[PDB]
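Novice: This structure is in structure tokens; I'll ask about it shortly.
Just so you know, all these numbers are worked out from the coordinates, no wet-lab data involved. Ideal geometry is used to build each Cβ from the backbone, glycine not excepted, and the neighbour counts take in all protein chains shown.
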Amino acid sequence: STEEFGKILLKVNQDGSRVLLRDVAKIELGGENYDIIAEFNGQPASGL
Amino acid sequence: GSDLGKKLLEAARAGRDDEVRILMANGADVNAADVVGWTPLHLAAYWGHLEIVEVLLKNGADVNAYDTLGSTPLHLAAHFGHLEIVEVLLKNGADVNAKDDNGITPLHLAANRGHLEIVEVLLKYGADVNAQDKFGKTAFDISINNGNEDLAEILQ
């Protein structure tokens, strides 16, 4: 889940604070690639 | 060990209520433990089998049994989200502030898997919210790290 990726402990600072992955990036399910976008009769599609 | 206590461990896990009923009719062992210390209440508490939970407790099952590393059926229930079992168990005297061998508490486990109701119930029955685990984390700490703000609020 995105929730677990976000709590990835990148580094623990000198004061004890915790820099988590969610503190330095946005974490979402999303396309392996973002190149291909299909429409069937105008409306959002996918397919084979 | 007994023929029946193993049959009861099996039926408890599987949720075969009438098997459990017949087994309880025959004095099968409510204290039978499997290879790792789990009693059938454990099995029920983990696998989410409310009926059997009650039946077992009604038949002298120990609600505060603990496994090879300290887990109490409350631990299991709080952790896997079985609100009703939590309530029953605590009604029947389940130590809400039980610590396993990591110093983990049903609050911790519940905080962690984020079972807000189960948190509040446990808090209702007096879950020490300033309890710390092996590493000093309080259910709040689990809550801020998991990013759960409602939980964070409930634990104030």
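Novice: Apply the Karplus curve 6.51 cos²θ - 1.76 cosθ + 1.60, θ = phi - 60°, to the phi angles in the stretch B:123-136 and return the couplings in whole Hz, x for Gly and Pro.
Specialist: Residue by residue, the stretch B:123-136 yields 4, 3, 5, x, 5, 3, 8, 9, 4, 10, 8, 3, 9, x Hz.
Novice: Starting from the Cα of residue A:26, draw a straight line to each of the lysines and keep only those under 27 Å, dropping any in the same chain fewer than 8 residues away.
Specialist: Straight-distance partners of residue A:26: A:7, A:11, B:137.
Novice: Could you tell me which chymotrypsin sites (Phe, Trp or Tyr not before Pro) in the stretch B:73-156 are loop residues by DSSP with no more than 10 other beta carbons within 10 angstrom of their beta carbon?
Specialist: Hits after loop and neighbour filter: B:135.
Novice: If you wrap a convex hull around the C-alpha atoms of the protein assembly as shown and split its volume per residue, what is the figure in Å³?
Specialist: So the per-residue Cα hull volume is 198 Å³.
Novice: So, one more: Taking only C-alpha pairs under 8 Å that are 6+ residues apart, what is the relative contact order of the stretch B:5-156 in percent?
Specialist: Worked out over the stretch B:5-156, it gives 16 percent.
Novice: Return the calculated 222 nm mean residue ellipticity for chain B, to the nearest 500 deg cm²/dmol, obtained by summing -39500 (n - 2.57) across DSSP H runs with n ≥ 4 and dividing by the residue count.
Specialist: After summing the helix terms and dividing by the residues of chain B, the value is -15500 deg cm²/dmol.
Novice: A further question follows. For a quick check: sort B:89, B:69 by the number of other beta carbons within 10 angstrom, fewest at the front.
Specialist: B:69, B:89
Novice: Please identify the trypsin sites (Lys or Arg not before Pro) of the stretch B:61-156 that satisfy two criteria: DSSP loop assignment and at most 15 other Cβ atoms within 10 Å. Which are they?
Specialist: Taking the stretch B:61-156 and a limit of 15 other Cβ atoms within 10 Å, the loop trypsin sites (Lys or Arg not before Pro) found are B:134.
Novice: Now for a different question. What ranking of B:63, A:12 emerges when the number of other C-beta atoms within 10 Å of each C-beta is taken as an exposure proxy, fewest first?
Specialist: A:12, B:63
Novice: Can you compute log10 of I(q)/I(0) for chain B with the Debye formula, treating each Cα as one identical point scatterer, at q = 0.13, 0.14, 0.20 Å⁻¹?
Specialist: Scattering profile of chain B, log10 relative to I(0): -0.56, -0.63, -1.10.
Novice: In sequence order, what are the phi-derived ³J(HN,Hα) couplings for the stretch B:103-116 according to the Karplus relation 6.51 cos²θ - 1.76 cosθ + 1.60 with θ = phi - 60°, rounded to whole Hz, with x for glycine and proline?
Specialist: Each residue's phi maps through the Karplus curve to give x, 8, 10, x, 4, 3, 4, 6, 2, 5, 6, x, 9, 3 Hz.
Novice: Set the Förster radius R0 to 35 Å, insert the Cβ-Cβ distance between residue A:32 and residue B:31 as r into 1/(1 + (r/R0)^6), and round the FRET efficiency to 0.05.
Specialist: With a Förster radius of 35 Å, E is 0.05.
Novice: Work out from phi, with θ = phi - 60° and the Karplus expression 6.51 cos²θ - 1.76 cosθ + 1.60, the ³J(HN,Hα) of each residue of the stretch A:33-39, listed in order in whole Hz, and give x for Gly and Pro.
Specialist: 10, 10, 9, 9, 9, 9, 10
Novice: Using a simple charge model, +1 on the beta-carbon of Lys and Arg, -1 on the beta-carbon of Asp and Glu, nothing else, what dipole does the stretch B:5-156 show about its Cα centre, in debye to the nearest 20?
Specialist: With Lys and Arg at +1 and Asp and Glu at -1, about 320 debye.
Novice: Students often forget the sequence filter, so: which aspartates and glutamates lie under 16 Å Cα-Cα from residue B:124 once same-chain residues fewer than 8 apart are removed?
Specialist: Leaving aside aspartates and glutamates fewer than 8 places away in the same chain, those within reach of residue B:124 are B:84, B:87, B:95, B:153.
Novice: Follow-up. Put one equal scatterer on each alpha carbon of chain A, apply the Debye formula with no solvent term, and list log10 I(q)/I(0) at q = 0.15, 0.32 1/Å to two decimals.
Specialist: Values returned for q = 0.15, 0.32 Å⁻¹ are -0.59, -1.14.
Novice: Taking a label point 7 Å from the Cα of residue A:23 along the Cα→Cβ vector, which residues of the stretch B:132-156 have an amide N closer than 16 Å to it?
Specialist: B:141-148
Novice: Moving on to the next point. Given H placed 1.01 Å from N in the peptide plane, which residues other than close sequence neighbours of residue A:18 have an amide H under 5 Å from its amide H?
Specialist: A:13
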